[PDB]
Each structure stands twice: as C-alpha cells, then as structure tokens.
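Visitor:
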Amino acid sequence: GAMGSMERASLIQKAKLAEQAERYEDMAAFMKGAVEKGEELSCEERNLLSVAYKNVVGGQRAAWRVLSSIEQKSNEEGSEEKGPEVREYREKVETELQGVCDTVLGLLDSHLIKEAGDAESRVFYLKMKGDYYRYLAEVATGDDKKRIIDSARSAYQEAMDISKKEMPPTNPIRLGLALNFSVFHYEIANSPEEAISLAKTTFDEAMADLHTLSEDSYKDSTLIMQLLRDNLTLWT
Amino acid sequence: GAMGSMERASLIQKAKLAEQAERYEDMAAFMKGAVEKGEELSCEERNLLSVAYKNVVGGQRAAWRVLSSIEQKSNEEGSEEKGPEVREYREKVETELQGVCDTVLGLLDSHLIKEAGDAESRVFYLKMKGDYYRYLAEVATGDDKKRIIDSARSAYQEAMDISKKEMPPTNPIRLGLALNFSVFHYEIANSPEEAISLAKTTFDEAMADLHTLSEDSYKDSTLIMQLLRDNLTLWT
Amino acid sequence: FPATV
Amino acid sequence: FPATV
Ligand SMILES: CC(C)(Nc1ccccc1)C(=O)Nc1cccc(-c2csc(C(=N)N)c2)c1
Ligand SMILES: CC(C)(Nc1ccccc1)C(=O)Nc1cccc(-c2csc(C(=N)N)c2)c1
Ligand SMILES: [Mg+2]
Ligand SMILES: [Mg+2]
Ligand SMILES: [Mg+2]
Ligand SMILES: [Mg+2]
Ligand SMILES: [Mg+2]
Ligand SMILES: [Mg+2]
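Protein chains in written order, with the working numbering: chain A, 1 to 236; chain B, 1001 to 1236; chain C, 2001 to 2005; chain D, 3001 to 3005.
Have a look at this one:
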C-alpha cells in the first residue's frame, strides 16, 4: 500500500481534488488507499470509489474496442499481414484492464461486501461486483469465460434480490443495477428478451412509485429511467 | 529502456495504434523507445513524438491549473484552512509534469538536436525545446525561474533564426513556431507587445506567400494563420 | 453501445 | 488560454 502512510481523510480529500482535475487514475489510487484503511465507506465515499474506477476502466474498454476492431480487420480475407503488433498491443491493454478489474474485485472481496449490511451499501457493492465481472467477460475467451459470466450473473442476482426486498422501485441504486443487469443480459448472456423484459418492468414499476418522491428524488430517479427507455429504444 | 527489446518499426506501429486508441501515455512511451534506438526520426515520426507528449503534458497542465486555482482560493482572505492536501497534490502533479518535460528535453539533448541538420528537423526540435521549457516556466517559482525562461527564449530564438533563413513564410513549422513563441512572449515573458507584433508580422508575411501554394499546402498554412488571428483577437 | 451507470 | 500547436 503506497497510500498506507496517508490519512484516510486526506485520501478522500485528494480523491475529490483528483476528480475536479479529471485525474481518474489518481482518484482511483486515493480511493483504493481509503478502502485499505479497513473502515466501512459512507455513501459519498462509495460513489467516489465507483466514479474513479468506472472512468479508468471505461477508458481501457474504449481503447480495447478500438484495438480489437483493428485486429479483426487485419484478420479478414484480403488483409496485408502487419505482424504480431496489433495483437500484442491489444493484449497489453487487455491485461491492464483485467488488472484494474481484479483490483476492484479484490477490494470488494477484502472486505467491503462482507461488512456491508445495509441495503444501500450491499446492493451498491454487489452491483459493482457484477459490473467488473461483466468487464472481464467482455474480453474473455478461454476456459474461464463461462465461469466469469456466471460470476457476474450471480453478483447481479444477489443485488437484485436484496433491492427488491429492501428498496423502493425508484431507488436510484436499484434502477442503475437493473439498467446494468439488463445490459448484461443483452450484451454478455445473449439473452435480449430477458434484457428487454427487465428494462421494461423496471421502468414501469418505477413510474408507478414516482408519486411518492420529492422534486429532487424525482429528478434522480427519472434520469435513470430515461436510460432504461433509451436502451429499450435501441433494442426494439 | 523498457522498450529496448522491441523493434524500432514495431514501436512506431504501436505508437500509431495507441494514437487511434487515444492512449497517449503509451504513445509517448513507444515513441521514447523509438528515439532511444539512436536513429534520426522521419517527418512522420517527429510528429508522432510531438503529438504524444503534447497530449500527455497538456493533460497535466490542465490538471495543474485546476489545482493551482483551488490552492489560491484556499489562500484568500476568509477561507477555511483545509490543511496541506491541496498544496501536496498540486505539488505531486507539478512534479510529474516536470518529469515529463525533463524526459522530452532529455531526448532532444540526447541526441535529436545535435544530429538534426535539415531545417525541417532542426526547427521542429528547437521549437519543442522552447515549448517544454515554456511548460516548465509555467510552474516555476524558484531560483531557476529566470533561467528556465531564458532557456525557452534561447531555443525559440535559434529556431526562429533558422526558419527565417531556410523556410518560406507559409511553412507550417515556421508558422507554429511563431505562434508559440508569440504566446511565450505574452504569457511567460510579460511582453504582450512583442507577442502581438510577432503574431501580426508572421500572419502578414504568410498572407503574401499563399499565392505560391497548392490547395493542400494552402489549407495547412491557413489553418495556423487562423490561430494567429484568433490570438490577436484575444489580445487586442 | 447501450447505457450503463 | 491562447492557441499553441
Ligand atoms: C446513478 C449514478 C450515475 N451511478 C451509480 C453507480 C453505481 C451504483 C449506483 C449508481 C450516480 O452517480 N449516483 C450517485 C448517487 C448519490 C451520490 C453520488 C455521488 C456522491 S459524491 C459524487 C462525486 N462524483 N463526487 C457522486 C452519486
Ligand atoms: C501544425 C501541427 C498541428 N503541430 C506542430 C507541432 C510542432 C511543430 C510544428 C507543428 C501538426 O500537427 N503538423 C503536422 C504536419 C505534418 C505532419 C503531421 C503528422 C504526421 S503523422 C501525424 C499523426 N498524428 N499520426 C501527424 C503533423
Ligand atoms: Mg488516522
Ligand atoms: Mg489475454
Ligand atoms: Mg426476474
Ligand atoms: Mg532492429
Ligand atoms: Mg514544486
Ligand atoms: Mg524579431
């Protein structure tokens, strides 16, 4: 732990500064250091952790997709052999991506999930676990691809079961979990009908609970509801 | 040299792939490895080198400016002491920026500039030397700030002298050098009148030479000419 | 690509 | 900020 000598509160402060500076690798390192202090994370702190790693892995995923596309074209019928370089560099980015995912999954397993008892924390972390296994699945091709997919599915499913029992249908964590699990079905599990059903049912159950919300809560919930609709429009 | 075992041509190929993936840190590392092979760089290769490090240091500069602004506000009359964290993190980013600049300057000094005999290569490298001393100047505050500024000025001046003797006034390297030296005058050397004079004279001399150019060369030159005009509009 | 949060 | 290339 290179952050072992820094105060927890200083790490959180610097994560916020790194966010303002769009230095997301630094932000992720600061928030990894904060997690490794061993204390549970508050709501704000959980979201700093997720924002940081989502931005880091999001950049890696975008790069991997560019390189994968170049690699597949170099493998089409009629292409001039360019040598091993495209594959090598795609593999380099892939390995770095897998490393970030393993780091996040490691933080969740040591020991964020096991200490998370409230629905808002436990569902949040299990959603993250599903998300980072999903990112591993996006690049997986070996003896373990089915097991990676099942690890994502299992984490999402536990998160879903808790969220349906313990949170209202408009809860933004519950909505975001369903959004992402629906994308898992469509893009990873080759289950577009499940993806569409889940998005539609989530949207409709949220619609019916909006009347209970304040103006600010309404804005939060309807934002994610619009993403569900966006995906449904993409898929139908 | 972590790139010491990779073929020069493979490093150049991967720099181009990294650019397509917007992985500019990787691009810079690949092009540093290519420079360290010891051979001169072609025109395309010089521009890969510059694109890579310009993007890396550009991000660092943007982050430094955000953090410097937060730091100065925390030091205004009426602010609640936040502790050493903003200064520490600004210093961290600053040190990383200085490191990138020192790396680039080191490549130019060992041994790109001394082997650069043609105007297009020598002016390009001396412009880079001025640029990276300028970035050092932007963050400098110590016993060496005047010397850093003079190092930038000296590199730009040698580049200017060569460009006026050896290139036409529409040459895009010559134009970009003048653009940046003009910004050096305005922002670093506290010489706005010199900045404005240089931009205006460069623009006018280029205008008068456009008639000699092909359509494609005309597009290249007028692009940078528009940046000179943009700056003049900002400054007058 | 579809939306995720 | 002013333009540079
Ligand atoms: C919905 C969304 C976009 N994603 C999400 C990701 C995983 C699981 C659930 C939702 C999200 O952002 N919800 C959110 C809700 C409350 C506080 C903060 C927040 C506190 S601090 C902070 C910051 N960026 N400084 C942001 C952030
Ligand atoms: C003018 C500008 C924006 N900057 C510049 C910077 C330092 C000194 C002079 C000019 C620039 O870009 N001029 C340029 C001209 C010819 C080729 C390539 C080029 C070859 S390869 C490649 C790539 N990005 N793959 C770009 C790039
Ligand atoms: Mg302490
Ligand atoms: Mg692999
Ligand atoms: Mg179900
Ligand atoms: Mg060789
Ligand atoms: Mg310093
Ligand atoms: Mg002069």
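No residue lacks a Cβ here, since even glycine has one placed at the ideal position from N, Cα and C.
Under 7 Å from any heavy atom of ligand 6, does the C-beta of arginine 1008 of chain B make it?
Guide: Yes, Cβ of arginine 1008 of chain B sits closer than 7 Å to a heavy atom of ligand 6.
Visitor: Run down chain D in chain order and give the residues with a C-beta less than 8 Å from the C-beta of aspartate 1150 of chain B.
Guide: Under the 8 Å cutoff, chain D gives no residues; its nearest Cβ is about 19 Å from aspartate 1150 of chain B.
Visitor: Using a C-beta to C-beta distance shorter than 9 Å, which residues of chain B count as neighbours of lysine 14 of chain A?
Guide: Neighbours of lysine 14 of chain A on chain B, chain order: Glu1085, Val1086, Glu1088, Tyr1089, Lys1092.
Visitor: When DSSP labels each residue in this structure, what does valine 56 of chain A get in the three-state scheme?
Guide: Looking at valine 56 of chain A - three-state DSSP - the assignment turns out to be helix.
Visitor: Rounded to whole angstroms, what's the CA-CA distance from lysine 165 of chain A to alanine 1052 of chain B? Just pull it up for me.
Guide: Cα-Cα distance, rounded: 51 Å.
Visitor: So, using beta-carbon positions, are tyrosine 1133 of chain B and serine 1151 of chain B closer together than 8 Å?
Guide: Yes, they are a contact pair.
Visitor: Counting only runs that start and end within the stretch 19-57 of chain A, where is the alpha helix (DSSP H) found for 4 or more residues in a row?
Guide: Runs found: 24-35.
Visitor: Can you say whether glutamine 157 of chain A is buried or exposed, counting buried as having 16 or more other CB atoms within 10 angstroms of its CB?
Guide: Burial call: exposed.
Visitor: Can the beta-carbon of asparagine 180 of chain A be found less than 8 Å from the beta-carbon of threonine 2004 of chain C?
Guide: Yes, these two residues count as a Cβ contact at 8 Å.
Visitor: Helix, strand or coil for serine 182 of chain A per DSSP?
Guide: Correct three-state label for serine 182 of chain A: helix.
Visitor: Whole angstroms are fine: how far does the CA of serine 74 of chain A sit from the CA of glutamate 1040 of chain B?
Guide: Their Cα atoms are separated by approximately 29 Å.
Visitor: If contact means a Cβ-Cβ distance below 7 Å, which residues of the stretch 1033-1067 of chain B contact chain A?
Guide: Correct list: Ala1063, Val1066, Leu1067.
Visitor: Between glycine 106 of chain A and the rest of its own chain, which residues show a CB-CB distance below 6 Å, the 5 nearest in sequence each way excluded?
Guide: Excluding positions up to five away in sequence, the list is empty.
Visitor: Which ranges would you report for the alpha helix (DSSP H) in the stretch 1092-1141 of chain B if only whole runs of at least 4 residues count?
Guide: Entirely contained in the stretch 1092-1141 of chain B, the alpha helix (DSSP H) runs reaching 4 residues are, in chain order, 1119-1139.
Visitor: Taking only beta-carbon atoms, is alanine 21 of chain A less than 8 Å away from chain B?
Guide: Yes, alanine 21 of chain A lies at the interface with chain B (some Cβ there is under 8 Å from its Cβ).
Visitor: Would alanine 1159 of chain B and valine 1123 of chain B be called neighbours here (beta carbons separated by less than 8 Å)?
Guide: Cβ distance < 8 Å, so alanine 1159 of chain B and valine 1123 of chain B count as in contact.
Visitor: Do the CB positions of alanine 206 of chain A and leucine 175 of chain A come within less than 8 Å of each other?
Guide: Closer than 8 Å, so yes.
Visitor: Cα separation between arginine 1229 of chain B and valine 1056 of chain B?
Guide: If I take the Cα positions, the gap works out to 26 Å.
Visitor: Give the DSSP-derived three-state secondary structure of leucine 1175 of chain B in the structure shown.
Guide: Helix.
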